[PDB]
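Below is one structure; the comments refer to it alone.
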Amino acid sequence: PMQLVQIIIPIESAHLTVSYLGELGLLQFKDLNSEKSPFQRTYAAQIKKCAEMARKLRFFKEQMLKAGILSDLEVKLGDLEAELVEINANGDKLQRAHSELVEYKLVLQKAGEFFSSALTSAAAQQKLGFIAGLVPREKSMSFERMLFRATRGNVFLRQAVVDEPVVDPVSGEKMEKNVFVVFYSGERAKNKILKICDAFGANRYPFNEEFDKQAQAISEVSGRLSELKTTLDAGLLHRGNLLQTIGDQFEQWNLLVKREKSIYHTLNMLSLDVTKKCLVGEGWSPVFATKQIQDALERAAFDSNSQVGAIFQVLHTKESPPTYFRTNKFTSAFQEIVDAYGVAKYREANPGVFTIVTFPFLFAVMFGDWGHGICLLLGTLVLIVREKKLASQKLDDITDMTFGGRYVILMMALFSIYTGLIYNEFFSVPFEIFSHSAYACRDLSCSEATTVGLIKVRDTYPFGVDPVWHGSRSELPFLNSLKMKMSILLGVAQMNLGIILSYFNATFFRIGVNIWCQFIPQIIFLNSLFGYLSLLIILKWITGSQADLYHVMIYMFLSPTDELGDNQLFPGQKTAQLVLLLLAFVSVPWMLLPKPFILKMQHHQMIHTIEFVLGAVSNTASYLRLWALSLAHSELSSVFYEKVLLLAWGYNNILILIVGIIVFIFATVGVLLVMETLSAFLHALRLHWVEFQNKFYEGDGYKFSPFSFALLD
Amino acid sequence: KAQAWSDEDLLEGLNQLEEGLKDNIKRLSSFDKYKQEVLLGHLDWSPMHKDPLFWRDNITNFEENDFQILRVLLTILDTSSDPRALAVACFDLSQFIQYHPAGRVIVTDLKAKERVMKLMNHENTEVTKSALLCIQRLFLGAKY
């Protein structure tokens, strides 16, 4: 029930109105300016400024997330982020300098400690060169292997212990590198030794001639490293102390930047009017709700205090604004389903509300387990109760869809409760109702259940199918045939509902004669075609023929030709059926011919051709799918009951029975609550889509487009 | 820039205001070099202080008197009339120390570096950040 609206609003006041309408809003302006020119558009300079601000905000948010903080004004945030980054970089540089000083201190301490050993080695082995440096403990073999002839057997390197990884001059992470001092003889040999020591990368410092000077240098280097580390730690602590409040400010800045970007995008899409000096805005707003736009306009005018007042108007046009009926908590799932089934015009009928019960109604008819289904419903209700936390606790994958569809799932489970009550398989098992045994065998006390007399149901279960006649061993085939026959009638009813919805929508469409020419022949024809079989099923139920079971209808319809018809319950069913066949044959062109003829007189059907037969086949397929799903659910329940009975009977000890019961419970839960439930839901959904597509609304639309803030709303 | 004005007279006035701001900055540059803020006793964040080259030139103008104006600035950094004055002095000292090694030595001798570092842990988080920057500038020379 919406319509287009056009208005001219001064830019200053337009800012306040846009800010007010950001969260929910009514209208969404088209991007006329962007289409005219993406470059600089109308306010795309402001849009680019807001984009730069948002990029700075994103960088600050990334830094805070790395930091872990809780997450004009943009300039201040950028300055704070730059200050924190500079503090971190200074701390890293100070840590690297501390590592270098630790390397120098370790090398000098090793040289001082091994000075006596070096003197002893020089005395034993031996204008002598100095090869002071370091050799890594890990790379000791490589150092020994390389330049072996250079050592000449008179040069010994006193490697440091390097029990603790010596900090590298450039790497703060440190590495297991030792310090060794060798003797250098020969210029090329000394150069090669120096090059090898440099390539080694171990913690190396020049070794003074006096060991005391080397020790003093090591102490000074260690003190400098400690001072640098302390300064870096203090800087990092101050940076984090500021960064906590910075992160809180950025967390607020998330919503702030969201609103700013929304306003900028709205301005860029809109095209201002220079002549009126007021920005011109045309958007799709709820026409019924548009009456309240005066409140936002007045609030913007008063806050801006400008005497000039914008005027809001609605302009009639051929273009149809995409609109959506208001959806409550329960209605949201039906709206989502309708959206999955494309869209519909505002005047077009939306059976989403009806489907919100029909799909549960079909799924209950499709299948249902009383026990786990009740448990599943209880779990869904607990989830709905705890949705307050579920709102805070973000759901994952299918959990997110379940959060939205909680109401629909609860309705489906509620319907499935009555469905299982009809099926009488409480907790996937038949249970006696009212009487000690819901159904029993009258007479035939000595005769077996496989007898001519067999069983007589003197008392029949009033709340559900009689267990003797349905759940018993040999009662399965007739019960399944009856279930299939009932599913056929249910499909016929669904087709009738679709036809009724089509007629209603045509009445809404307000066609003088086109509705009668098109919908009335397309409807009713196949409806009565299936209704003949449905009435035959009802008449058979009245007469109660036995040998044909549910195949009496098949036997009757097996002869589309005239004559015969002995089994016909109605005395005139044969001639009446022939007349109905002739009427359907006559109506078949009437479904296709009158509407194009009327259109030509005024001045698709080819898709409509065979579409009736295809739809009837699809409805029969849906009924058969429901029957098969019910049979499969019954078979799974029987299998679970058999497993439970086998576990219980063959377990004199408690432990074996407990293990078997637990295994059977887990398997049955997995099969039914997950696998069977998902399969039934998917099949019911597909049948619903087929029925709705047959009914009406033919896609062809879009969703309501307000200027709502996605984060805010 | 933020609010676009329809009138071209607004653009002309904005250009004239920018020219006047440039002219005022030209006059303010002489005051920064001559240490007008130091002479008046009230210190504010000088645009010349924020620029390492301009800060070095101002120090050299002070260094013309053996950093006498720089010594007065360091003393004001140690004790200032207003909290904004102390933060501005600390930022100027950090910038000068980065630009000139002699500035860091003068600051350390005046011992205002320790007071600034203490103020970094203190209140005035903006002044705290400026003092942390000054301490980092000092520790860059201090670190081996």
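Labels used: A, B, ... for chains in the order of the structure tokens, numbers from 1 for residues in each chain, and numbers from 1 for ligands as shown.
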So that I can check the surroundings of stretch 131-133 of chain B, please list as a list in words every protein, DNA and RNA residue that reaches within 8 Å of it, counting only C-alpha atoms and ignoring chain neighbours fewer than 6 positions away.
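So the residues in contact are residues 87, 235 and 238 of chain A; 87, 90, 91, 94, 116, 117, 119 and 120 of chain B.
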Considering only C-alpha atoms, extract the chain A residues located within 7 Å of chain B and return them as a ChimeraX atom specification.
/A:46,97,101,224-225,228,231,235
Write out, as a compact mmCIF listing (two decimals), in the first residue's frame, the residues just selected, with N, CA, C and O atoms.
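The resulting file, result.txt, is shown below:
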# COMPACT_ATOMS: atom_id res chain seq x y z
N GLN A 46 32.00 15.34 -0.57
CA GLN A 46 31.70 14.99 0.81
C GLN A 46 31.67 13.48 0.99
O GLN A 46 32.07 12.96 2.04
N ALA A 97 67.25 -2.26 19.72
CA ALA A 97 68.49 -1.70 20.26
C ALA A 97 68.93 -2.44 21.51
O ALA A 97 70.13 -2.66 21.72
N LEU A 101 72.45 -4.37 22.03
CA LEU A 101 73.31 -4.15 23.18
C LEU A 101 73.52 -5.43 23.98
O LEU A 101 74.61 -5.65 24.52
N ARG A 224 72.60 -0.11 29.02
CA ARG A 224 71.89 0.61 27.98
C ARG A 224 70.70 -0.19 27.46
O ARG A 224 69.62 0.37 27.21
N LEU A 225 70.89 -1.50 27.27
CA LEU A 225 69.79 -2.35 26.83
C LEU A 225 68.65 -2.35 27.84
O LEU A 225 67.47 -2.27 27.47
N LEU A 228 66.81 1.01 27.64
CA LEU A 228 65.98 1.08 26.45
C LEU A 228 64.73 0.22 26.60
O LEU A 228 63.63 0.64 26.21
N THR A 231 62.30 2.02 28.94
CA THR A 231 61.63 3.13 28.26
C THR A 231 60.56 2.63 27.29
O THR A 231 59.46 3.19 27.23
N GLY A 235 56.53 3.38 27.47
CA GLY A 235 55.80 3.92 26.34
C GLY A 235 54.64 3.04 25.92
O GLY A 235 53.54 3.53 25.65
Members of stretch 25-131 of chain B assigned alpha helix (DSSP H) by DSSP, as a PyMOL selection string:
chain B and resi 25-34+36-40+47-50+52-63+68-78+83-99+101-110+112-121+125-131
Determine, counting only C-alpha atoms, which protein, DNA and RNA residues have an atom within 9 Å of an atom of stretch 137-144 of chain A; residues of the same chain fewer than 6 positions away are not included. Present the result as a ChimeraX atom specification.
/A:151,159-162,176-179,196-197,200,202
Those selected residues, please, written with N, CA and C atoms and delivered as a CSV table (one decimal), in the first residue's frame.
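Resulting contents of out18.csv:
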chain,number,residue,atom,x,y,z
A,151,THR,N,92.9,-21.9,9.2
A,151,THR,CA,93.3,-22.0,10.6
A,151,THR,C,94.7,-22.5,10.7
A,159,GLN,N,85.0,-20.9,21.5
A,159,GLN,CA,83.6,-20.6,21.4
A,159,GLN,C,82.9,-20.5,22.8
A,160,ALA,N,82.0,-19.6,22.9
A,160,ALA,CA,81.2,-19.3,24.1
A,160,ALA,C,80.3,-20.5,24.4
A,161,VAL,N,79.9,-20.6,25.7
A,161,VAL,CA,79.0,-21.7,26.1
A,161,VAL,C,77.6,-21.6,25.3
A,162,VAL,N,77.1,-20.4,25.3
A,162,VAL,CA,75.8,-20.1,24.5
A,162,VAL,C,74.7,-21.1,25.0
A,176,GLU,N,70.5,-19.3,19.3
A,176,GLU,CA,71.5,-20.0,20.0
A,176,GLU,C,72.8,-19.9,19.2
A,177,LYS,N,73.5,-18.8,19.5
A,177,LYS,CA,74.7,-18.4,18.8
A,177,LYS,C,75.8,-18.1,19.9
A,178,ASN,N,77.0,-18.7,19.6
A,178,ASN,CA,78.1,-18.5,20.5
A,178,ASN,C,79.1,-17.4,20.0
A,179,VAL,N,80.1,-17.1,20.8
A,179,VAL,CA,81.1,-16.2,20.5
A,179,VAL,C,82.5,-16.9,20.6
A,196,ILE,N,83.4,-14.7,6.9
A,196,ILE,CA,82.7,-15.8,7.4
A,196,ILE,C,82.0,-15.4,8.7
A,197,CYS,N,82.7,-14.7,9.6
A,197,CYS,CA,82.1,-14.3,10.8
A,197,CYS,C,80.9,-13.4,10.6
A,200,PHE,N,78.0,-15.4,9.5
A,200,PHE,CA,77.5,-16.2,10.5
A,200,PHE,C,76.3,-15.6,11.2
A,202,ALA,N,76.2,-14.4,14.2
A,202,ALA,CA,76.2,-14.6,15.7
A,202,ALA,C,76.4,-13.2,16.4
Stretch 31-40 of chain B environment, 12 Å, only C-alpha atoms, sequence neighbours closer than 3 positions dropped, as a PyMOL selection string:
chain B and resi 24-28+43-51+53-65+67-77+80-81+85-86+88-89+92
If we count only C-alpha atoms and set the cut-off at 8 Å, which residues sit around stretch 425-438 of chain A, ignoring sequence neighbours fewer than 5 positions away in its own chain? Please answer as a PyMOL selection string.
chain A and resi 369-372+420+459-461+463+466-467+471+634+637-638+641
Using atom CA of residue A:122 and atom CA of residue A:211 as the two end points, give the distance in Å to one decimal.
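Computing the Euclidean distance for atom CA of residue A:122 and atom CA of residue A:211 yields 15.6 Å.
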Could you pull the residues within 8 Å of residue A:248, counting only C-alpha atoms, minus those fewer than 5 positions along the same chain, as a PyMOL selection string?
chain A and resi 69-71
Find the residues near stretch 618-622 of chain A: any atom within 7 Å, counting only C-alpha atoms, skip ones fewer than 6 places away on the same chain, and give them as a VMD selection string.
chain A and resid 488 491 687
Which residue of A:576, A:515, A:410, A:552 approaches residue A:532 most closely, using only C-alpha atoms
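Ranking A:576, A:515, A:410, A:552 by distance to residue A:532, first place goes to A:576.
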For atom CA of residue A:56 and atom CA of residue A:78, the interatomic separation in Å (one decimal):
6.2 Å
